Amino acid sequence: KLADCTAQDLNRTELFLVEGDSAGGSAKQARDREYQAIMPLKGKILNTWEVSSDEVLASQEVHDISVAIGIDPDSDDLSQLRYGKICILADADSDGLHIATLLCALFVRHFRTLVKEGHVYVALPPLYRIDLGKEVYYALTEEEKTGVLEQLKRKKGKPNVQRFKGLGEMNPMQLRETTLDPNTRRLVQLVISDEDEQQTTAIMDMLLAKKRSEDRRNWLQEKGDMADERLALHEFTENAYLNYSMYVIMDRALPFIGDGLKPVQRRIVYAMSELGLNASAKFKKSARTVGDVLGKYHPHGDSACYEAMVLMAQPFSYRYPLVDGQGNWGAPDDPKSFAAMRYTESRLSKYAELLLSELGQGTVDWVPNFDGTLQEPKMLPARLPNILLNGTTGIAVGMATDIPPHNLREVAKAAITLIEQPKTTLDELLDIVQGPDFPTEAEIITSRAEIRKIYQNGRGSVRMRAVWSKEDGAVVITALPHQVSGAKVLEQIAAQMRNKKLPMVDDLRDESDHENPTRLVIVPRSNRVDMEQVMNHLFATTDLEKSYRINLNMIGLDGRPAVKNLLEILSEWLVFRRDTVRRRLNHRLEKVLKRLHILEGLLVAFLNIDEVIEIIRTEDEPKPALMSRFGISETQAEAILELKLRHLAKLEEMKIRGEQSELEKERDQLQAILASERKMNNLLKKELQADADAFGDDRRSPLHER
Amino acid sequence: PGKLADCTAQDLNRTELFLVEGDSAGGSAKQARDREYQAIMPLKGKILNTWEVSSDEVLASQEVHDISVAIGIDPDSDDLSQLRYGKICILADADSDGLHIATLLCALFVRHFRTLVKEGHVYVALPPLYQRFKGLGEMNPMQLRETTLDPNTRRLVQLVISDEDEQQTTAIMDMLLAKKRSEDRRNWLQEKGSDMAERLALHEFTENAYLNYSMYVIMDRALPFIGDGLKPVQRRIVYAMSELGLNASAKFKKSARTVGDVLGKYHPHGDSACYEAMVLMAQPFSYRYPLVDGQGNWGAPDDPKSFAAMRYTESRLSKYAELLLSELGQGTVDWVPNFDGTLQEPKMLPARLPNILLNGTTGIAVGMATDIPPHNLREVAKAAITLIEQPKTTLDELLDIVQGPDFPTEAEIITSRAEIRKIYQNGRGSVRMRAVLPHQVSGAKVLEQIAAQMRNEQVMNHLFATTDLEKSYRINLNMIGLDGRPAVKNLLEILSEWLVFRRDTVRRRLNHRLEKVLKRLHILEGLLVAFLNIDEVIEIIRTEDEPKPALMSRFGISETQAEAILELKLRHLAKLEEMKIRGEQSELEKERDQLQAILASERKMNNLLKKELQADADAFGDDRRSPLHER
DNA sequence: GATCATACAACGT
DNA sequence: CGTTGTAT
DNA sequence: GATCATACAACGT
DNA sequence: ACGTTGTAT
Ligand SMILES: C[C@H]1COc2c(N3CC[C@@H](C4(N)CC4)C3)c(F)cc3cc(C(=O)O)c(=O)n1c23
Ligand SMILES: C[C@H]1COc2c(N3CC[C@@H](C4(N)CC4)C3)c(F)cc3cc(C(=O)O)c(=O)n1c23
Ligand SMILES: [Mg+2]
Ligand SMILES: [Mg+2]
């Protein structure tokens, strides 16, 4: 046990359930050991709603809580409750709420008596800590608390504001005054009313009910349209789990239709390009990579992010990897056999350019980061539909995503043929887009028509099957389905023999080596053994044939999650691509203009170098003089003053005139594409085919259409 | 069994077990091994020294116990029939302390498995380094194959104790791994201080590999440098925090990002090992003069190791650090490339005060240790100045100013005056403190000491001798001198040797500034010549083919001056921008003579050092906290 | 530096 | 016997 | 994102 | 009921 307390005043004693261990150690160093205890909650706790009393006591985290609380699971007896006020403090994440949401599930589904009397309490942690000299101010919301603290800035000096993104970042004494010391402590008393007792149980049910996931989908669809001291648990539970359910659906687990990436994925790819680790740069240690991702853009777990960067670098997890690394990046038999970040070096892959090349052409928005010191892109200018090329498989609260990867050349031609005939129907797209293209050579056996349903309804499943020959009578598997381990498939096919379920099999051998990636041999006892029939069993028994559910749920351009079909995904991406190039063009035009405007100002100086130099020496501020005596603009005048004497030579005049001829022609070409909607398309129809030419490859997974 | 990845075969004549050093290195060694006849077993961290451990104690260590179970033979058991593998090969990282992991493995294969190494079953794998240094855990799995696993291109040796070198293999290994025979290893270092063989001698490899580690730790891990008073793990952190812009005025940065840069750039060692060091610098109650400031939970006096993860804590350099880095940009110290050879790191740091005695250090090398207590700032400063003004000052005269140590606590030092006179005259000894708590003394540890006394003015006297109220502190003034070798020095020797370093780093600072001023003045001439004749310069630039030689011939300016002129901007032609140029000329002319006068006159040199050691102690002057009187 | 138990949707055995 | 701070 | 165990010197119990 | 799948504490 980690909780200690001296006094035994059932009305004064007080328990605090901190979220983190790092936070627990700080909360214990500053707590009042006289009548206050503290016990950390390593990681997230069990969802004790639909768990049996025997199971609640079988989970470490909930167990210790049940012992420290004093009461037994589902025991309406509080005669030996060690502490009076059982407080639950967690950090102000969307995550901590979830931690606070399921602690209520524990203190409700089992310890109903504890909350009925009103002993469950939630602490209000501070958001910001603004200070100026002998003045300390804490905030809970930047709209009301932080706004006033900064508004009353009529005192000398520049205030300092520390953004506490989590209680782990707080100092012991700095945490004592905010949530521990009752004087300066903010804390609300969670209570379940007697009249609202029927609703407090109904709300928490659909929120934490494993089976009522469909109800939550309709719940979030309704609460999203109209989204705008003692607290009632009825109110708390619904508001806390909503701020989480949305947070996960948006900023953790579901990707964006445009760039086909997740925020942890995006912030990782950008932070590598920003660190200079493009496809050509020499590899950099994965540590600094993840140090920058978390240190600047993604305030979450170190190990959790590097796990995402591993999958982006594995040629067998992604179809078109985004990262190339040096070191032990795992093996097909187990993707998680990978080395630490401190040992593995990484960089961006050639395919990553399709997401980053157009980043400097004002083709994307930009939102501040969590601390506000830097600037990160809200999305990335994808030049091909990455959402379909690599796919994703996520799990949000109320919904999930399962998008299989597809071939690059097959999607590109589908994008080209959809702008040449905007009336293209789905059946016409399937004549080119043939189906999922996994990073394996296993045949997709799902029927062609069954695929049409999957790409019209946005849901369904496809099944893969391994490839094999009968060299020398023995069967030899040559390639396995996606995400199927050879060691696992062999162990399954081996444990059967021990269970006497395959008395016709002689031996099983794994001949995988450098030349042959995955060679699995299966020898029968007699040549007269119907290995053709033996296999039809192993497909329906082992992982030699694995199904794959498809759920094309994604954040659409409209900022909302939705299940698109193949046509809606491509049609809606071309809206995204046609709009970024539109922005990519106007951006260059905006700079060509401003250049030609500088240049024409320079030529005026050359044609009047005598007067200019005379005005510079015979005037206090030359810029106003140069504008009245020549008609030039202030922006043009500044450039004149910045001309170096080197530039007054004749050659540099010829260079300036050289640009203005080149740029003048460039200016007209841009104005033409932007103005002509047909020229605009001809550009897209060209850039897409060009990208496929330099990044497309042959189809890995055949569809078994002979 | 254990985590050892066994092979499919069982032939005692063709099986082999590889004991890798790193677990991540073992994960890659398991992908690339031939699953038929090759088997690996990881060895997390360093193993226990079983040279002194008993037969039953050998089986207690979980690492050594698994090695025994995997090997087959039991500790000190004569029966060799139980041998699950034929070749017992060890694969350690080319790290110096990787050769230490190998030596410790030999201590068991000889003291407890003598018949195993005698029969010629202990083998050594020679790891190549070339691709960068490419550590074992860092290289590619397939790359690790062709270097240590694939027998075709594998480089391994056969360790065997010769019958003639048997008595020597035992006597040599003894003093190397004898916890008590530490003084013998000190004398061994003094007397002892690409070609390879296909079968080396265990006795010859035991004394060779343990000497590398014995020297690597004494130099690059444990002992500090006399000048900056820092170890490499400490020096690299300071530099990397400045190169990242974490100055005194900058905002705090997450320590995780800071440590990450220290490792990937300069310091190829443990991550928690680096963060633990940086906290020893940031805690105000471990260093008297901290080098790091931070936000969050940086420990508490009751338990320094109760601190928050590097991911939650954020830190920056402190004001006191400026004494080590202010003069780093004036070419004052030497520079050596980093370990991978892509960046450069400083060899020394331009210390403006003798940090070796201000903060002190506490290290444990091989054969020798280090115990330097911290000292007062205004005292070590007032001593250095008085040593310059009177080079013939004696330690007794020095003790009149430097009263003794200065610990970060108000507890009084009860050591006698004559006892301290022996500390600073011999370079060794101890010192004692008494509560009013002492340095490094926990408030919870002493209470439990007095509480156990309860279960089973004069009262305080008995509590000082029983509880931790009265503690002792060892003192050993060992350090790497400017001569690049370890040596124990005293106060009158340490201060004198430091002022040789300070009088050299400042001399380099002066000549570095002198070299820059003369270069600027040379430019300012060609510029003033242009303002005096700008009318011609413009005509020469617009009416001549190539102005660079033309401006040189006419005006007698040099190649560099004519280039500066061409780089003038039209706004630099107004009257002001010439007054601004005549301002430097008259300003830098004053400095060009002061420096030359301060560098050519050894008397003006000392006046600067004396004036600089005094002005620097002003802003950085904190009166001491620990009283000092006999008791 | 490598173990570890959780949430979450929802399809397969 | 346990102390200290860098190391695997 | 906390936790385990080792080295190594030499003084204090 | 079990086992995934992949970003989170
Ligand atoms: C929240 C902390 C600590 O708990 C974690 C895990 N456990 C295993 C034991 C279990 C427990 N409640 C009994 C102690 C929680 C775990 F398996 C993985 C992580 C990964 C990360 C990270 O990626 O940063 C991380 O921070 N934590 C983790
Ligand atoms: C060398 C590696 C792995 O082994 C380590 C430890 N153990 C756990 C018990 C002990 C053993 N003989 C039973 C296996 C070794 C340990 F306790 C700490 C670290 C810390 C760091 C680091 O700071 O990086 C580190 O790298 N390692 C560590
Ligand atoms: Mg948080
Ligand atoms: Mg190494």
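What counts and how
Residues numbered from 1 in each chain as written, not as in the entry; some residues may be left out. Chains lettered and ligands numbered in written order. Heavy atoms only, no water. Residues with missing side-chain atoms left out of burial classes, pairs and counts. Helix = DSSP H or I, 4+ residues; strand = E, 2+ residues; numbered from the N terminus. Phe/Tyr/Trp six-rings, centres within 6.5 Å; stacked < 30°, edge-to-face > 60°. Salt bridge = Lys/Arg side-chain N within 4 Å of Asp/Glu carboxyl O. Contact = heavy atoms within 4.5 Å. Pairing = 2+ DSSP bridges. Right-handed = clockwise from strand over helix to strand, strands pointing away. UniProt positions renumbered as here; feature names shortened; annotations may be inferred. Axes fitted to C-alpha atoms, helices over the stretch in contact; angles between N-to-C directions. Nonpolar A, V, L, I, M, F, W, Y, C, P; charged D, E, K, R; others polar. Parallel < 35°, antiparallel > 145°, perpendicular 65-115°, else oblique. Left-handed = near helix turned anticlockwise from the far one by under 90°.

Structure determination for this entry, per the PDB record, employed X-ray crystallography and reached 3.3000 Å resolution.

J.: What is the right way to look at the overall build of chain B in this model?
T.: Summing up its helical and strand segments, chain B has 25 helices and 17 strands in all. Seen through its principal axes, chain B has C-alpha atoms that stretch 100 × 80 × 50 Å.

J.: Just to check I follow, could you spell out the packing of aromatic side chains for this structure?
T.: Residues and elements named next belong to chain A. Relative to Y244, the ring of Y241 has its centre 6.3 Å away and its plane inclined at 35°; by these criteria the two rings are tilted. A residue pair is termed a helical-turn pair when its members lie 3 or 4 positions apart in one helix, as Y241 and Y244 do in helix α10 (residues 233–251) at three residues. Residues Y320 and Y351 carry aromatic rings whose centres are separated by 5.5 Å and whose planes lie at 20° to one another, so their mutual orientation is stacked. Here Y320, found in the loop between α13 (302–311) and β10 (323–326), pairs with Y351, found in the loop between β11 (345–348) and α14 (353–356); they are 31 residues apart in sequence, far enough to count as distant.

J.: Can you help me understand unusual backbone geometry in this one?
T.: Working note: non-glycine residues mostly have negative phi, and peptide bonds are mostly trans. Residue and element names in this part refer to chain A. Unlike most non-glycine residues, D472 shows phi in positive territory, near 65°. Inspection of the secondary structure puts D472 in the loop between β18 (467–469) and β19 (475–479). With phi around 55°, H704 is a residue other than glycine that occupies positive phi space. For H704, the position within the fold is in the segment after α26 (677–695).

J.: What is the right way to read the pattern of salt bridges from this model?
T.: Where charged atoms of side chains with opposite charge meet at close range, the side chains can pair. Linking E642(A) and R571(B) is a salt bridge whose minimum nitrogen-to-oxygen distance equals 3.1 Å. One end of the pair, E642(A), is in the loop between α24 (634–641) and α25 (650–675); the other, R571(B), is in the loop between α23 (559–566) and α24 (576–600), on a second chain. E536(B) is the salt-bridge partner of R554(B), the closest N and O atoms lying 2.7 Å from each other. Of this pair, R554(B) sits in helix α22 (residues 547–555) while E536(B) is found in helix α21 (residues 534–543), placing the two residues 18 residues apart along the sequence. One network of salt bridges, with partners in common, ties together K623(A), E638(A), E642(A), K569(B) and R571(B).

J.: I'm lost on the environment of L254(A) in this one. Help?
T.: All names here are of chain A. Locating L254 in the fold gives a position in the loop between α10 and α11 (263–274). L254 sits 283 residues away from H537 along the chain, and the two C-alpha atoms are 37 Å apart. Every residue in contact with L254, bar those within four places of it in the chain, is listed here: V248, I249, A396, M399, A400, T401, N553, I555 and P561.

J.: What is the right way to read the pairing of strand β2 (residues 38–42) of chain B from this model?
T.: Residues and elements named next belong to chain B. Both strand β1 (residues 16–20) and β2 contribute to a ladder of five bridges, which runs parallel. Bridging from a neighbouring strand, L17 pairs with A39 of β2. Note on the crossover from β1 through helix α1 (residues 23–32) to β2: the handedness is right-handed.

J.: Help me understand the UniProt feature "domain: Toprim" (unreviewed entry) in chain A, please; the structure alone is not making it clear to me.
T.: Taking the UniProt record as the reference, the feature "domain: Toprim" (unreviewed entry) is found at residues 13–126 of chain A. End C-alpha atoms of residues 13–126 of chain A are separated by 24 Å, and the span's content is 39% helix alongside 13% strand.

J.: How should I be thinking about the sheet that holds strand β4 (residues 120–123) of chain A in this particular structure?
T.: Strand pairing in a sheet relies on backbone hydrogen bonds, with the paired strands running either antiparallel or parallel. All names here are of chain A. With mixed pairing, five strands are arranged side by side in an open sheet as β2-β1-β3-β4-β8. A strand with exactly one partner marks an edge of an open sheet, and here the two such strands are β2 (39–40) and β8 (187–189). As judged from the two bridges shared by strand β1 (residues 14–18) and β2, these two strands associate in the parallel manner. Bridge pairing links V18 to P40 in β2.

J.: Please explain the UniProt feature "domain: Toprim" (unreviewed entry) in chain B as it appears in this structure.
T.: Here the UniProt-annotated "domain: Toprim" (unreviewed entry) positions come out as residues 15–128 of chain B. Between the end C-alpha atoms of residues 15–128 of chain B the distance is 24 Å, and the span holds 39% helix and 17% strand.

J.: Sorry, what's going on with the sheet that holds strand β5 (residues 156–158) of chain B here?
T.: Residue and element names in this part refer to chain B. Across the sheet, which stays open at both edges, the five strands sit in the order β2-β1-β3-β4-β5 with mixed pairing between neighbours. In this open sheet, the two strands that pair with only one neighbour each are β2 and β5. Averaged over all pairs of adjacent strands, the angle between their axes in this sheet comes to 30°, without regard to strand direction. Note that strand β3 (residues 87–91) and strand β4 (residues 122–125) share three bridges and pair parallel. Considered in β4, the bridge of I90 is made with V124.

J.: Even after reading the chapter, I still don't get the pairing of strand β17 (residues 459–465) of chain A, so can you show me in this structure?
T.: Every regular strand shows the same layout, with side chains that alternate between the two sheet faces. All names here are of chain A. Here two bridges tie strand β16 (residues 443–444) to β17, and the two strands are oriented antiparallel to one another. Bridge pairing links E443 to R465 in β17. Where β17 and strand β22 (residues 545–551) come together, seven bridges link them in antiparallel fashion. Note on β22: the bridge partner recorded for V462 is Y548.

J.: So what exactly am I meant to see when it comes to the interface of chain A and chain B here?
T.: How big an interface is tends to be expressed through the accessible area that disappears when the partners come together. Contacts between the two partners involve 39 residues from chain A, matched on the other side by 36 residues from chain B. Mapped by element, the contributors of at least two residues to the side of chain A that touches chain B are α1 (21–30), α7 (172–179), α12 (286–297), α22 (609–617) and α24 of chain A. Ranked by the residues each element gives to the side of chain A that touches chain B, the list is headed by α22(A), at four residues. When grouped by side-chain class, the residues that make up the side of chain A that touches chain B number 16 nonpolar, 14 polar and nine charged.

J.: How should I be thinking about the environment of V264(A) in this particular structure?
T.: Residues and elements named next belong to chain A. As for its position among the elements, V264 is in helix α11. C-alpha separation for the pair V264 and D402, spaced 138 residues apart in sequence, amounts to 17 Å. If near-sequence neighbours (up to four positions away) are discounted, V264 is found in contact with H298, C305 and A308.

J.: Quick question: what am I supposed to make of the packing of helix α21 (residues 566–607) of chain A against α24(A) here?
T.: Geometry of a packed helix pair, given as the angle between the helix axes and the separation of the axes. Residue and element names in this part refer to chain A. Here α21 crosses α24 at 55°, and the two axes come no closer than 9 Å. In terms of orientation, α21 lies oblique with respect to α24. Crossing angle aside, the handedness with which α21 passes α24 is right-handed. Here α21 contributes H597, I598, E600, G601, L602 and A605 to the contact with α24, which in turn contributes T635, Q636, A639 and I640. Here the residues of the contact of α21 with α24 sort into five nonpolar, four polar and one charged.

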